[PDB]
Amino acid sequence: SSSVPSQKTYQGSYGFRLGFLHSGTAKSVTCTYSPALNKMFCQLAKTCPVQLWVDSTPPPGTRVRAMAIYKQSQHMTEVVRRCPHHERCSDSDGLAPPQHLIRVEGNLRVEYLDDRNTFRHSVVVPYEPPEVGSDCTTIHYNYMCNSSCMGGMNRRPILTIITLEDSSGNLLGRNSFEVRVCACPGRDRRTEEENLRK
Amino acid sequence: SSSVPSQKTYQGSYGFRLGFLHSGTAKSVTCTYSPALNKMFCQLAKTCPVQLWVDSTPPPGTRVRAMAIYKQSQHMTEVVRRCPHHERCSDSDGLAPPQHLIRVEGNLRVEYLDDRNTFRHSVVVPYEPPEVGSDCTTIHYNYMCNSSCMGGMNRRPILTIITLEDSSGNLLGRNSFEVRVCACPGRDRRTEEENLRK
Amino acid sequence: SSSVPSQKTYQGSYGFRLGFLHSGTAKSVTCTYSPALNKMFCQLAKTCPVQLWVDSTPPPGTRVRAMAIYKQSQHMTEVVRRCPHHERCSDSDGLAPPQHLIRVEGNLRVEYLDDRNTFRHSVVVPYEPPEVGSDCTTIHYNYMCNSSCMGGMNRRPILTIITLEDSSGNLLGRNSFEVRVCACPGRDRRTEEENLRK
Amino acid sequence: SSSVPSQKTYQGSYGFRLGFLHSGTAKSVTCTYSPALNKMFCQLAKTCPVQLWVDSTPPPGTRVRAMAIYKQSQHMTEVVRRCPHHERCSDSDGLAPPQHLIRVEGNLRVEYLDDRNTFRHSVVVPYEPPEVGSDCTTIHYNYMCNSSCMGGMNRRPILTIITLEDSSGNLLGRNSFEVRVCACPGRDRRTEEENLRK
Amino acid sequence: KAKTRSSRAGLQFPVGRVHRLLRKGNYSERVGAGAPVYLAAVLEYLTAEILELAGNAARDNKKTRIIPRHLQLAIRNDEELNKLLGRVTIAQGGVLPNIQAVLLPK
Amino acid sequence: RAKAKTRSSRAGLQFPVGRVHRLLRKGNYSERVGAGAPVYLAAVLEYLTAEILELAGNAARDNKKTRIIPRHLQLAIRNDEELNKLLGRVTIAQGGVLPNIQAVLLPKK
Amino acid sequence: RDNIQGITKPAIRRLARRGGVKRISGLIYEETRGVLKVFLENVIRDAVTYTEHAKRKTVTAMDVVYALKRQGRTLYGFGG
Amino acid sequence: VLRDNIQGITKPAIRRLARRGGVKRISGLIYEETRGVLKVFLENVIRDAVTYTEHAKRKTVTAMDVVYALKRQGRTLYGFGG
Amino acid sequence: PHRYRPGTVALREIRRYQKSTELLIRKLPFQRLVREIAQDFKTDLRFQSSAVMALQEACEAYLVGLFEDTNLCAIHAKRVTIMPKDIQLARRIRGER
Amino acid sequence: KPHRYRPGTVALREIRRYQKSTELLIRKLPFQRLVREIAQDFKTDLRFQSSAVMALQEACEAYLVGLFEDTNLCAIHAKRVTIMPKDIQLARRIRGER
Amino acid sequence: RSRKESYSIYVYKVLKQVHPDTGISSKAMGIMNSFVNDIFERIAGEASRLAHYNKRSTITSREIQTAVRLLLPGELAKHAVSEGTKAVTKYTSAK
Amino acid sequence: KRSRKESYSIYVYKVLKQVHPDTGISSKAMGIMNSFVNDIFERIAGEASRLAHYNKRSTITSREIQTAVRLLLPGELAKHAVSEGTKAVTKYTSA
DNA sequence: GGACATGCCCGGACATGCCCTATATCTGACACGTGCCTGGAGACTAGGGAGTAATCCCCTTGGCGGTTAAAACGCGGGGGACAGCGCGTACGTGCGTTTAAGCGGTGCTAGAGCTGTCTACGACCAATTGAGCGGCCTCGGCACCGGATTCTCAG
DNA sequence: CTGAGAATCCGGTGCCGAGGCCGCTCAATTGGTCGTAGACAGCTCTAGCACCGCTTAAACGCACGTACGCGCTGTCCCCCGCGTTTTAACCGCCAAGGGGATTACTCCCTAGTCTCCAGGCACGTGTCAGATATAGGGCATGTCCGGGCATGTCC
């Protein structure tokens with residue numbers, strides 16, 4: 001890519017924050033978040049709930065975008081995409097292009113963008129205020145390669161950047177978290193947390 | 001494929017046999033053969049010497065063909081080919097098509113066939129008689145994916161079938177061996193040999 | 001070359017300084033910097049992060065240029081270039097000319113210059129400020145010969161000169177460091193640091 | 001190359017044999033021969049005496065040709081030539097082409113051939129019967145790259161094939177020996193002889 | 001048997017030769033018996049001092065034989081010998097490697 | 001006995017030939033001395049005395065003095081290139097120095 | 001002792017004037033004193049050596065004349 | 001009769017002499033003065049040497065004559081006789 | 001190409017010639033000059049080899065010493081380049097001029 | 001205002017005055033005390049003849065006058081007029097006294 | 001067969017006394033001979049003048065000693081006088 | 001009546017009266033003249049003795065004196081002194 | 001979910017580069033031997049120069065007083081030392097050319113050096129005496145004082 | 001131009017040191033003798049001069065750039081010059097004593113000569129250290145690979 005998306009946290013006017021479920025670390029867990037690392041550990045194609053919290057409600061037409069970038073500075077300009085194998089396999093949900101790493105599940109209004117200028121992939125849905133009785137809006141992401149996929153992420157860590165944007169695409173808020181897509185989220189989360197002490 | 005190539009050993013009129021070097025089981029030996037398993041263990045893209053032995057010399061125009069098939073009966077009809085990643089990477093030697101698993105190294109007269117009827121890939125070279133003061137002819141193969149390559153062999157064992165043919169493709173002789181292409185041939189050979197006792 | 005580029009440190013109006021990572025001296029660490037020697041030790045073609053620090057942000061259009069020269073005065077007029085072997089090998093990234101020692105990795109806006117008057121090679125990219133939170137910009141260089149390559153650097157030490165320029169190429173700031181490109185950066189760094197006491 | 005030169009020893013009608021000096025294995029040894037290994041160890045561009053012995057004198061017009069090939073079967077079809085650095089350096093004796101590995105020193109009637117069909121290099125001189133006082137004719141070869149030259153022999157062992165031929169290049173006799181061109185012939189000869197016991 | 005005055009005195013320079021050179025130098029009509037002994041003794045002492053220093057300089061130069069250069073170094077490095085030989089030029093002696101400070105680079 | 005007359009008178013000199021001869025004999029210069037050596041020496045000494053006294057007298061009259069004083073001797077010695085060379089390492093007591101001012105020290109208009 | 005101060009500042013100035021100098025730095029006086037003193041040490045040493053060799057207890061004018069002569073500057077007017 | 005042999009004392013020789021004397025830079029105008037000084041030295045030394053030679057009823061200047069001349073001029077030279 | 005800074009090679013030559021002992025004046029021109037001056041003192045003189053070597057040793061020692069003193073006088077005046085006036089001052093203070 | 005000569009006129013006048021005459025310029029008795037003081041450092045209870053001290057004094061003044069002549073010439077060489085200790089040290093170094 | 005005068009054997013013995021491992025070249029030997037002869041002439045001449053000035057017709061050890069004190073520097077004079085006196089006293093006792 | 005003390009005073013006065021009949025001499029100046037004459041005497045006699053020694057000559061003659069005068073005296077002074085000495089010596093020999 | 005399955009990274013260690021030094025070959029000059037001869041050592045002699053002791057006197061040391069000229073000290077200022085700066089030119093450095101210095105061989109003759117002989121010449125010694133030195137006296141050149149004249153400096 | 005401070009000159013008075021004279025004494029002169037040394041002749045043989053030829057390293061001429069000498073300017077400090085106070089240098093005068101010069105007596109210390117012998121100095125000789133190249137010997141620094149970790153997989 002010609003550029004690198006900013007990853008700076010920006011709660012903005014609406015007090016935009018992310019929240020995550022309290023899943024523990026059974027080696028088999030499908031999706032578990034580490035507050036210590038600000039890092040999600042999840043299995044390929046499994047549901048990854050991300051909560052959007054705001055202090056006040058953004059205007060109708062507000063959208064929520066997700067984009068991955070490599071975390072290591074020397075890889076930052078390389079577009080994050082699916083590996084050749086997963087790109088070719090027949091797992092598209094009818095909505096998502098085959099090469100997109102990040103999908104949103106359960107939303108008919110999802111759009112997938114392949115930016116003509118930056119070459120970045122992203123997935124965007126309309127922002128919906130929480131259901132009455134709820135304090136947050138949950139979006140369900142799927143990650144469609146493992147961090148280890150050869151010819152893809154190839155064992156490089158990524159960040160997911162979640163942006164709140166207005167109807168023109170202008171920035172309203174931004175947050176991010178690290179992601180590891182792997183076979184054993186609970187095992188790998190405990191390992192990386194333990195290594196913090198090393 | 002519409003068919004499955006025969007794998008029956010057939011020494012034929014010329015007493016065609018295969019031989020292999022005595023390479024030991026060092027963890028990462030480039031190529032080592034197991035007499036117990038009739039199985040070659042080798043690294044990706046590394047030289048794999050196969051000796052052709054005959055009791056008497058076949059006529060000029062005789063050719064030697066190599067073809068891989070999956071060993072497990074339920075996979076036998078699936079064409080063995082390179083995975084999407086290795087297929088796309090830039091490692092062609094100028095002679096071999098990118099999707100062929102098996103290459104011959106160091107032979108200008110090599111031909112690569114993509115059979116129009118069976119869809120099988122194969123690599124063929126002219127048979128060269130040993131110097132009258134010599135015992136065998138050695139051909140050097142390269143295997144261009146690991147047995148584990150996802151979207152390719154995907155951890156399924158293969159056989160390599162070596163056929164002695166006349167100018168026209170007529171069966172003069174046939175032999176075969178199992179192949180595992182892997183990062184640590186010596187380690188993996190010793191493991192499988194140990195498991196024979198289990 | 002008809003001339004020799006100045007190597008004088010010049011922080012200039014923007015307080016331009018270099019920074020480097022704290023990599024230790026494990027035998028084969030890919031890139032390690034010695035504060036004692038102001039010398040980078042790195043492997044061929046591996047990522048070498050160099051941090052650009054400024055007290056205030058230079059104008060848009062500002063560029064960052066890297067150039068190597070021989071450190072020994074009698075070699076200073078000799079253009080630093082790749083050896084005949086590496087010049088010919090097929091390792092160009094599609095962006096860099098085959099004879100350039102220094103590449104930038106992961107930047108689509110990289111330019112490679114072969115100066116018509118001085119005959120010097122250099123590689124230049126646009127300067128990008130860090131995000132208001134971050135404190136420095138990192139550029140990733142690759143050195144494409146070993147210091148020892150015969151017919152090339154032939155075991156002669158080099159300096160890398162980093163200059164900050166405006167859009168016309170006028171001088172804004174300058175810094176430099178010695179470089180050894182070698183197989184075992186950690187071993188070689190500890191050897192040269194030990195010899196300081198000798 | 002399309003072919004591989006035969007290396008079979010053939011004393012032929014004239015009882016053609018090679019002989020070598022008895023040089024020991026010390027430091028400052030420029031050329032030493034190992035009977036145990038049938039291998040010459042020599043320094044780059046140093047004199048390597050090879051004796052031609054015959055039981056009877058070949059006809060006038062008889063020529064002596066030297067050619068190198070890689071010893072390892074998988075490399076046999078690759079033409080042995082000088083590396084890009086030595087090819088470019090200015091060391092031609094006015095007679096030998098820059099890319100020829102093997103030169104003959106002290107012979108005005110030397111010819112260098114670049115075979116149009118096989119692409120092999122070779123160096124040929126007229127056979128002269130032994131001088132008064134000797135039972136052998138000595139030819140002095142120079143090897144113009146180290147076995148280790150990157151982009152050249154790249155640490156692969158070679159054979160030198162010495163052929164006694166007629167005017168029409170017909171075969172009258174053949175002999176060969178292994179060659180290692182290196183910085184310390186005595187050191188390296190003793191090492192390889194010791195390893196014979198391992 | 002004949003035994004010389006130098007032998008009785010335990011000295012190396014010849015008492016007889018110095019005595020004869022004094023007697024024939026048209027210096028005085030009489031010469032005492034102790035005067036040539038004293039003079040010869042002073043000459044041994046001075047020779048021993050000069051050869052000591054020249055040998056030292058030779059060893060510093062990793063030389064086993066004293067050369068005129070070493071003699072010049074010995075005479076000019078020793079404050080009292082340089083004074084004694086202030087108006088003496090030794091051939092093939094050269095000069096001391098002395099550089100003025102103001103002439104050194106900055 | 002013949003009338004006694006001195007060698008200085010025979011030579012037309014004023015310095016005493018006998019005394020110079022005795023001083024040469026007793027100066028421990030040689031065991032033997034020729035008859036002509038003290039004559040020659042006396043002649044050179046008389047000549048040098050006559051020239052120095054001539055110049056000193058000239059200086060004395062230039063100063064309107066009739067008696068030679070050390071100042072006149074010093075002036076005479078230093079004002080003669082050859083005497084100054086011969087006596088380059090001699091200091092005359094009560095002689096003073098030659099009047100001489102370097103040009104750079106003189107005032108400027 | 002203190003007697004080096006008896007060669008006073010105006011005395012060094014007068015000697016320097018006879019030497020033809022027009023201006024005299026303040027740092028000149030001690031230097032001149034040192035030079036004069038060294039000269040005296042060497043002269044008096046030779047004079048006293050001559051006096052002692054003669055088995056005398058008083059340094060004579062002739063002792064000084066010999067010392068000056070051997071120092072390389074012959075002095076006229078005091079005998080010899 | 002040798003004529004204009006003074007030009008044989010070359011500029012680089014005088015430069016080398018100055019280098020041995022510790023001189024770092026030499027004006028172009030130095031050379032004639034140095035030549036004059038050298039000439040003066042020679043006229044005095046040789047005059048004494050030849051005077052001794054003539055007194056000794058010889059026609060060849062000997063090494064001892066020169067060494068003695070140098071000694072009597074205070075520039076005693078060691079190495080050619082005492 | 002490469003060019004040495006003014007001063008480095010001069011110092012190198014000073015060290016070189018002060019370390020060694022070979023004569024710096026050419027034998028034949030020195031002999032010719034000596035013989036030329038001699039014709040005006042006494043005719044058809046013959047000179048011993050050791051006599052010419054003696055004159056050359058004395059001359060080179062005298063000039064080297066004079067150049068040492070000249071350099072000291074020049075440096076005293078906060079200069080580096082020697083001038084004719086430097087030679088004249090050195091010789092006047094030595095007492096031969 | 002009272003009369004005052006510019007710097008130098010009176011200096012030249014004393015130069016002319018003391019270069020015309022030969023009478024001694026250094027005081028007899030302080031020099032005499034110095035000579036006896038310096039002498040006891042070589043031999044105690046030493047005596048001095050009057051003409052011996054006068055000879056030493058004549059020698060000293062002649063030596064100093066010559067040294068000051070040379071110092072002045074060295075100062076003038078350096079386009080200076082006022083003599084300083086480094087001038088004395090150069091004059092004595094070139095003479096061979098150091 | 002023209003006999004000459006040099007101190008070569010005595011210089012070599014003293015050298016072997018002080019350093020029995022060092023040699024000497026011909027030029028260096030010539031310089032040592034010139035040096036010793038020069039010193040000799042200087043000391044003998046000063047002693048001769050000393051004796052004449054004092055109306056002495058005999059060369060004795062006191063004039064030699066005084067001349068050495070005049071010509072030699074401080075430590076050189078003191079060490080030379082000590083060695084000369086010890087040597088002369090030992091000879092006088094040995095007769 | 002003290003001991004016999006020799007000087008050149010009467011001879012200096014006779015030469016002075018030859019060259020300057022009406023000029024006198026002070027005691028200090030006469031002392032300076034005596035110092036001068038004695039100094040020259042010492043220089044010439046010493047150089048002549050050394051010259052004679054150097055040439056293995058045992059007799060003091062007029063040739064060494066003349067040569068010494070030529071060495072010590074400047075050019076025209078030497079020529080005049082040599083001329084005077086030769087005329088004086090030949091005239092003496094005539095007697 | 002635990003137990004493997006299976007690729008990747010890299011520190012260990014070898015492969016094999018290159019310089020780095022200490023050990024193998026010439027030369028004339030220096031270190032040792034030999035023969036001889038001449039200069040140094042032992043012994044005896046005279047004689048005179050030096051050591052030592054008494055004497056005398058002169059000349060060096062020490063003290064007192066005054067008085068005055070010179071040395072010490074203060075202070076104002078101006079001009080000279082000294083630091084900084086610009087420039088331009090003369091000198092340092094390098095390179096191609098040429099020139100003569102150096103080295104090696106060879107000749108011969110001029111002249112240094114050694115030896116033999118003998119005669120002129122200088123040491124030595126005794127008697128003589130007259131030249132030269134010490135002492136005494138005197139007068140004139142010079143020195144000291146003062147006042148007018150001229151020069152020279154600075155405002 | 002002019003006034004004032006310093007130097008010069010001119011004359012008068014005194015004084016003390018230079019010039020002259022006289023006694024004496026010892027040092028130069030004269031006359032004769034004898035050893036020796038050096039002047040001259042003559043022979044040897046060494047080395048200095050002259051030349052030729054070849055080589056190559058040094059000198060030389062020139063191009064060019066730039067560092068330093070030199071001229072100019074500003075500053076400030078510290079040396080000169082003059083007025084005032086102090087002190088000690090000098091001159092004169094006297095007293096004492098000590099050591100320097102002198103003379104006389106003695107004795108021992110060194111020249112001179114003889115006889116002998118051993119050390120030192122030409123002549124001869126051989127071999128050892130200086131430079132270069134070959135043998136150990138260190139670093140100089142790339143490539144391969146076993147181990148151990150990373151990470152997928154599933155009954």
# chains A, B, ... in the order shown; residues from 1 in each chain; ligands from 1
>>> select_by_dssp(residues="segment 23-182 of chain A", states="strand (DSSP E or B)", output="JSON, numbers by chain")
{"A": [31, 32, 33, 34, 39, 40, 41, 42, 48, 49, 50, 51, 52, 53, 63, 64, 65, 66, 67, 68, 69, 70, 102, 103, 104, 111, 112, 113, 114, 121, 122, 123, 124, 125, 126, 137, 138, 139, 140, 141, 142, 143, 158, 159, 160, 161, 162, 163, 164, 165, 171, 172, 173, 174, 175, 176, 177, 178, 179, 180, 181]}
>>> interface_residues(of="chain K", to="chain F", cutoff="10 Å", atoms="only C-alpha atoms", output="list in words")
residues 48, 49, 52 and 57 of chain K
>>> write_last_selection(atoms="N, CA and C atoms", output="PDB file, in the first residue's frame")
ATOM      1  N   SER K  48      97.959  21.303  31.640  1.00  0.00           N
ATOM      2  CA  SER K  48      99.211  21.979  31.316  1.00  0.00           C
ATOM      3  C   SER K  48      99.117  23.473  31.599  1.00  0.00           C
ATOM      4  N   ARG K  49      98.027  24.100  31.154  1.00  0.00           N
ATOM      5  CA  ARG K  49      97.849  25.527  31.397  1.00  0.00           C
ATOM      6  C   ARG K  49      97.725  25.812  32.889  1.00  0.00           C
ATOM      7  N   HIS K  52     101.214  25.696  34.327  1.00  0.00           N
ATOM      8  CA  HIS K  52     102.004  26.868  33.967  1.00  0.00           C
ATOM      9  C   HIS K  52     101.570  28.101  34.754  1.00  0.00           C
ATOM     10  N   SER K  57     106.142  22.992  37.206  1.00  0.00           N
ATOM     11  CA  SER K  57     106.826  22.377  36.074  1.00  0.00           C
ATOM     12  C   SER K  57     106.545  20.882  35.962  1.00  0.00           C
TER      13      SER K  57
END
>>> interface_residues(of="chain H", to="chain M", cutoff="12 Å", atoms="only C-alpha atoms (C1' of nucleotides)", output="VMD selection string")
chain H and resid 8 15 24 to 30 56 to 62
>>> residues_around(residues="residue 163 of chain A", least_positions_apart="5", cutoff="8 Å", atoms="only C-alpha atoms (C1' of nucleotides)", output="ChimeraX atom specification")
/A:64-66,171-175
>>> write_last_selection(atoms="C-alpha atoms", output="short mmCIF file (atom, residue, chain, number, x, y, z; two decimals), in the first residue's frame")
data_model
loop_
_atom_site.label_atom_id
_atom_site.label_comp_id
_atom_site.auth_asym_id
_atom_site.auth_seq_id
_atom_site.Cartn_x
_atom_site.Cartn_y
_atom_site.Cartn_z
CA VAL A 64 -18.41 0.96 11.54
CA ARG A 65 -15.36 -0.20 9.61
CA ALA A 66 -12.81 -2.94 10.35
CA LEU A 171 -13.30 9.76 11.18
CA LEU A 172 -15.57 9.88 14.27
CA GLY A 173 -13.59 7.50 16.46
CA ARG A 174 -10.97 4.77 16.39
CA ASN A 175 -9.88 1.81 18.48
#
>>> residues_around(residues="residue 36 of chain G", least_positions_apart="2", cutoff="10 Å", atoms="only C-alpha atoms (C1' of nucleotides)", output="PyMOL selection string")
(chain G and resi 4+7+30-34+38-41) or (chain J and resi 60-61+63-64)
>>> write_last_selection(atoms="N, CA, C and O atoms", output="mmCIF file, in the first residue's frame")
data_model
loop_
_atom_site.group_PDB
_atom_site.id
_atom_site.type_symbol
_atom_site.label_atom_id
_atom_site.label_comp_id
_atom_site.auth_asym_id
_atom_site.auth_seq_id
_atom_site.Cartn_x
_atom_site.Cartn_y
_atom_site.Cartn_z
ATOM 1 N N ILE G 4 69.346 39.336 45.919
ATOM 2 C CA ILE G 4 69.072 39.432 44.489
ATOM 3 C C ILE G 4 68.282 40.702 44.188
ATOM 4 O O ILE G 4 68.323 41.222 43.066
ATOM 5 N N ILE G 7 70.087 44.168 42.840
ATOM 6 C CA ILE G 7 70.125 44.544 41.430
ATOM 7 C C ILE G 7 68.725 45.032 41.090
ATOM 8 O O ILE G 7 67.854 44.252 40.690
ATOM 9 N N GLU G 30 62.729 39.680 36.317
ATOM 10 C CA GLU G 30 63.074 38.382 36.899
ATOM 11 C C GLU G 30 63.876 37.535 35.917
ATOM 12 O O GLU G 30 64.789 36.806 36.326
ATOM 13 N N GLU G 31 63.536 37.586 34.625
ATOM 14 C CA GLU G 31 64.279 36.783 33.661
ATOM 15 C C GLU G 31 65.737 37.216 33.656
ATOM 16 O O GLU G 31 66.651 36.377 33.643
ATOM 17 N N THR G 32 65.970 38.534 33.637
ATOM 18 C CA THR G 32 67.334 39.039 33.606
ATOM 19 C C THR G 32 68.063 38.586 34.857
ATOM 20 O O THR G 32 69.250 38.245 34.808
ATOM 21 N N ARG G 33 67.361 38.606 35.997
ATOM 22 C CA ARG G 33 68.001 38.241 37.254
ATOM 23 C C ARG G 33 68.440 36.789 37.190
ATOM 24 O O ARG G 33 69.546 36.445 37.616
ATOM 25 N N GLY G 34 67.561 35.922 36.681
ATOM 26 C CA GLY G 34 67.898 34.512 36.578
ATOM 27 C C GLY G 34 69.115 34.312 35.696
ATOM 28 O O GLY G 34 70.031 33.556 36.042
ATOM 29 N N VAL G 38 72.735 32.693 36.909
ATOM 30 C CA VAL G 38 73.311 31.471 36.336
ATOM 31 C C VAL G 38 74.731 31.771 35.880
ATOM 32 O O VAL G 38 75.668 30.982 36.120
ATOM 33 N N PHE G 39 74.895 32.910 35.193
ATOM 34 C CA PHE G 39 76.213 33.283 34.715
ATOM 35 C C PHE G 39 77.147 33.290 35.910
ATOM 36 O O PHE G 39 78.265 32.758 35.844
ATOM 37 N N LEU G 40 76.717 33.935 37.001
ATOM 38 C CA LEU G 40 77.587 34.052 38.160
ATOM 39 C C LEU G 40 77.936 32.676 38.716
ATOM 40 O O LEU G 40 79.078 32.467 39.119
ATOM 41 N N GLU G 41 76.962 31.773 38.768
ATOM 42 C CA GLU G 41 77.229 30.438 39.352
ATOM 43 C C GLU G 41 78.384 29.801 38.581
ATOM 44 O O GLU G 41 79.309 29.292 39.230
ATOM 45 N N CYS J 60 79.923 41.160 33.845
ATOM 46 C CA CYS J 60 78.476 41.006 33.901
ATOM 47 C C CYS J 60 77.794 42.070 33.054
ATOM 48 O O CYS J 60 76.850 41.768 32.313
ATOM 49 N N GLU J 61 78.234 43.328 33.166
ATOM 50 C CA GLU J 61 77.562 44.370 32.399
ATOM 51 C C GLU J 61 77.808 44.198 30.905
ATOM 52 O O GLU J 61 76.896 44.402 30.098
ATOM 53 N N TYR J 63 78.271 41.361 29.377
ATOM 54 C CA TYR J 63 77.450 40.218 28.989
ATOM 55 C C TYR J 63 75.993 40.625 28.831
ATOM 56 O O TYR J 63 75.340 40.275 27.841
ATOM 57 N N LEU J 64 75.468 41.365 29.806
ATOM 58 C CA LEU J 64 74.076 41.785 29.753
ATOM 59 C C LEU J 64 73.823 42.733 28.592
ATOM 60 O O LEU J 64 72.788 42.626 27.927
#
>>> interface_residues(of="chain K", to="chain M", cutoff="12 Å", atoms="only C-alpha atoms (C1' of nucleotides)", output="VMD selection string")
chain K and resid 1 to 5 8 to 9 12 22 to 29 55 to 60
>>> atom_distance(atom1="atom CA of residue 44 of chain B", atom2="atom CA of residue 140 of chain B")
13.2 Å
>>> residues_around(residues="residue 151 of chain M", least_positions_apart="3", cutoff="9 Å", atoms="only C-alpha atoms (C1' of nucleotides)", output="list in words")
residues 6, 7 and 8 of chain N
>>> select_by_dssp(residues="segment 18-61 of chain H", states="helix (DSSP H, G or I)", output="JSON, numbers by chain")
{"H": [18, 19, 20, 30, 31, 32, 33, 34, 35, 36, 37, 38, 39, 40, 41, 42, 43, 44, 45, 46, 47, 48, 49, 50, 51, 52, 53, 54, 55]}
